[PDB]
Amino acid sequence: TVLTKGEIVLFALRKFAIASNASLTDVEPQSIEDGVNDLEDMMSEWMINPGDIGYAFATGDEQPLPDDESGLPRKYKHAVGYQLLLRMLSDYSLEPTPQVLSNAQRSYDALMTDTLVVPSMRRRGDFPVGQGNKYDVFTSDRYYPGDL
Amino acid sequence: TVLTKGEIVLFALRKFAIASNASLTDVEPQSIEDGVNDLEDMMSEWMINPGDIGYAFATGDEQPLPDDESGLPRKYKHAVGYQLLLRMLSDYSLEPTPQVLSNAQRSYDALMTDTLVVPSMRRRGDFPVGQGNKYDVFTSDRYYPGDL
Amino acid sequence: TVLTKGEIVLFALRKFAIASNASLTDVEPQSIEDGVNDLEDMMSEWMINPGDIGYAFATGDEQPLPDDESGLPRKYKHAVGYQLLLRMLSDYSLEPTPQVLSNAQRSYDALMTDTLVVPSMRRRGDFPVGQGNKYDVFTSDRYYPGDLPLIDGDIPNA
Amino acid sequence: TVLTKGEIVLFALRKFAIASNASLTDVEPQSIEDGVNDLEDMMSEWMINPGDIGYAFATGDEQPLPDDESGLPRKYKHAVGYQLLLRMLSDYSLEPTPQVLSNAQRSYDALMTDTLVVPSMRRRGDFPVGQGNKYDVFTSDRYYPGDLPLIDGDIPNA
Amino acid sequence: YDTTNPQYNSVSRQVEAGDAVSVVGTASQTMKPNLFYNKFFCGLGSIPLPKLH
């Protein structure tokens, strides 16, 4: 099982009952390619605030196609789909429900939990190391190196 | 008495009366496959925040099936089913009721009660060890280890 | 006496008037079957927050049977039935009322007060015992016992 | 790859379904011209407060055309399109929705995070340098420069 | 044999494909070998152990 942009877009469309397999009415491929374009730009914009999650972009000149693989794990599928749903409902001029908002918030919090990393503050660089660290023989530093 | 994906999905659909014996409605095939793959994706997402709970995944390139053995413990059935119902209702655009929300919260709390850790913070590493422990002078046992 | 699972399920249905003895229309067998099933899932989950309360489970992977003996005291049936009703109301597309909620809360509190713990935390172990307790050479007891690990000559690290 | 003002305006129109490709089979050239002119003016305004982000204005004096290349990186187009949509919605007299407002807010906030500087506080200039910094041997003097220090000596005025 | 950092070369030429190799010794001989080394070739230490209470 490998996640694909088309699969993500279809999931986002189904989750709010705009279009699905069981439905008797279906949307033109223009809408599908607009959705995959929206996914591409949103995930390219995601390179700054949330960070990097392993998404694979179009190789320069080539346009994105739904049949290609994004490379994301199965874990981030709901997060990506819910964000795409929230960004795409306005196209059909609809309003998300509170339950949908809560589910999207929970999954986005899970994504932040996965991505989170906290730094550590190194010593200033003029801080003495102390006579107890054997700076004469064991360590060559009389003061901490600082940030690298 | 082992659990099955088909059994878990059916419980969720009956709980809001989308398909149940009390109503005269019968399961539609399309609703069941959606339940199965939604359950699998939700478990894949759950592999982070609630932690591993014993779910058995589908071997690569093979789609999950309702007859496959889930491997989940019996006690987690209500929690898993209620979370599935909450992330399912948007498909039919129903609205959860306060009692359903309260039951889901109760089941989630009960499930989370059995997975607490309380990491029990350890010693520092340069903290002196007193003379009451009668440490060995040659060994490096005058101070606490305080590491992995 | 027997306090059968089917009796508990019928109690839960009766107190919300889904179907009673003085009713022209009744529920079909599989509704009772699902009620008993949900009863046992709820009771199996109840082994975490409220703790074991003496429920008897089906051993030997048999399907639950409504006429089997639950094994619970009669002082628990109202609480069990009320908690079962709150889980089962949605299936019948109905919503709970303030009086039912208050009764369920009261019965649940009555059940809870019967299963207290009061862990009564211990003393440390390096806390000295006073010189007035007259400790001795052989029995030790100069300091309070603690976790008291059982160290074996083999397995020295652990 | 390449970002075109025409496709930015088309995205802005589609995101509120003023002229989409599924609901409606019509796009108006007057709307396109108004949108591209609004984008040009808004970028000219943005040149000061949020700072330059790499947009290219029309050289000379001929009016911009939708087929030209904006030069914006693809990670800014959502913010640009949303901020444009909010500005041009009055003409069709359609009020905006809270979801659209929230999405525009998040996109603009992300752009703001991408375009931060956070400058540091330089020394005053009359603040003495410590005796332990070894002046008269190192390049340091008794006092901080308080201005960009000389880097070459061939150009000593600055 | 590094062509970017020649400072650490310790052999005349690179081991290219098809070079001739051999194994020193005999088919299944068994023997007790002699040894020779410098002071700083190998190092040995003994970790002291803690007392069990």
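No Cβ is skipped: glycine too gets one built from the backbone with ideal geometry, and neighbour counts run over all protein chains shown. Here, each number is a calculation from the coordinates, and none is a lab measurement.
Side notes on the structure shown:
- Candidate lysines for bridging to D:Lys134, where Cα separation is under 28 Å - those fewer than 8 sequence places away on the same chain excluded: A:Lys134
- Amide H contacts of D:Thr4 (H built 1.01 Å from N, under 5 Å, at least 5 apart or other chain): D:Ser70
- Burial ordering of C:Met121, B:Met43, A:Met112, fewest other beta-carbon atoms within 10 Å first: C:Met121, A:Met112, B:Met43
- Considering only D:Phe127, A:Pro50, A:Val36, the residue lying farthest towards the positive end of the dipole of the protein assembly as shown is D:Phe127, judged by Cα position with unit charges set on Cβ.
- Peptide C:86-92 has a mean shielding of 6, counted as Cβ atoms of other protein chains within 10 Å of each residue's Cβ.
- Span from the the stretch C:80-158 Cα centroid across to the the stretch D:102-142 one, whole angstrom: 57 Å
- Under DSSP loop assignment and at most 12 Cβ neighbours within 10 Å, longest trypsin sites (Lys or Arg not before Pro)-free interval of chain D: D:1-121
- Ranking D:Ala79, D:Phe57, D:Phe138 by how far each Cα lies toward the positive end of the dipole of the stretch D:47-152 (charges on Cβ) leaves D:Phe138 at the top.
- Where GluC sites (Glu not before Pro) fall in DSSP loop in the stretch A:1-94, at most 12 other Cβ within 10 Å: A:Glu62
- Overall Cα dimensions of the stretch D:102-151, principal axis frame, Å, largest first: 60, 21, 17
- Straight-line reach from B:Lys5: taking Cα to Cα under 12 Å and skipping same-chain neighbours fewer than 8 places apart, the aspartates and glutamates in range are B:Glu33, B:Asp34, B:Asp38, B:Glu40, B:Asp67, B:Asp68, B:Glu69.
- Taking other C-beta atoms within 10 Å as the exposure proxy, D:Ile18, E:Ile47 rank E:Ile47, D:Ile18 from fewest upward.
- FRET efficiency for the E:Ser22 to E:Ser46 pair, using the beta carbon distance and R₀ = 45 Å, is estimated at 0.70.
- Here C:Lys15 is the anchor, and the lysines within straight C-alpha reach of less than 22 Å, apart from those fewer than 8 places off in the same chain, are B:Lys15, C:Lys5, C:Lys75, C:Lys77.
- Close amide H partners of D:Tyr143, meaning residues 5 or more places away or on another chain with modelled amide H under 5 Å apart, are D:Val129.
- Distance in nm between pseudo-label sites at B:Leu24 and A:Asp114 (7 Å out along the Cβ direction from Cα): 4.6 nm
- Taking a span of 20 Å or more along the helix axis (Cα atoms) and a mean Kyte-Doolittle hydropathy of at least -0.5 as the rule, the DSSP H helices of chain A that qualify are A:77-92.
- Charging the Cβ of each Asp and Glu at -1 and of each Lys and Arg at +1, and nothing else, the dipole of the stretch C:1-148 about its Cα centre rounds to 1140 debye.
- Distance-filtered residues of the stretch C:6-39 - backbone nitrogen under 11 Å, label point 7 angstrom along C:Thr97 Cα→Cβ: C:16-17
- Tensor-based shape of the protein assembly as shown (alpha-carbon gyration tensor, a/c under 1.5 rounded, otherwise prolate or oblate): oblate
- Computed about the Cα centre, the dipole magnitude for chain A is approximately 1120 debye when only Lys and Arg (+1) and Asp and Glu (-1) carry charge, each at its Cβ.
- Mean projected area of the convex hull spanned by the Cα atoms of chain C, taken over all viewing directions: 17.6 nm².
- Shielding of C:38-49 by partner chains, average beta-carbon count, 10 Å: 5
- Between B:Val129 and C:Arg123, the FRET efficiency from the beta-carbon distance, with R0 = 22 Å, is close to 0.45.
- Cα gyration tensor shape for the stretch C:1-67, rounded if a/c is under 1.5, else prolate or oblate: prolate
- Residues E:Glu16, C:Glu95, arranged from fewest to most other Cβ atoms within 10 angstrom of their Cβ, appear as E:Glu16, C:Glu95.
- The helix-only estimate of mean residue ellipticity at 222 nm for chain B, built from DSSP H runs of length n ≥ 4 each weighted as -39500 (n - 2.57), is -12000 deg cm²/dmol after division by the residue total.
- From phi via Karplus (6.51, -1.76, 1.60), per-residue ³J(HN,Hα) for the stretch D:3-18 in Hz, x at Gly/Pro: 10, 10, 4, x, 6, 5, 5, 5, 4, 4, 5, 5, 5, 10, 6, 5
- In order through the stretch B:67-74: 3J(HN,Hα) via Karplus (6.51 cos²θ - 1.76 cosθ + 1.60), integer Hz, x for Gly, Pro: 8, 5, 6, 6, x, 5, x, 5
- Once backbone amide H atoms are built at 1.01 Å from N, B:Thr4 has B:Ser70 as its partners under 5 Å, excluding neighbours fewer than 5 places away on the same chain.
- Test item: B:85-98 mean partner chain Cβ contacts at 10 Å: 4
- Shape of the stretch B:1-75 from the C-alpha gyration tensor: prolate (a/c of 1.5 or more and a/b above b/c, with a ≥ b ≥ c the square roots of its eigenvalues).
- Quarter the surface of the alpha carbon convex hull of the stretch D:79-133 and you get the mean projected area, 7.1 square nanometres.
- Coarse-grained scattering of chain B at q = 0.09 Å⁻¹, given as base-10 log I(q)/I(0) from a Debye sum over alpha-carbon atoms: -0.44
- Under 11 Å, Cβ to Cβ, from D:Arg14 - net charge with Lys/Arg +1 and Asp/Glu -1: -3
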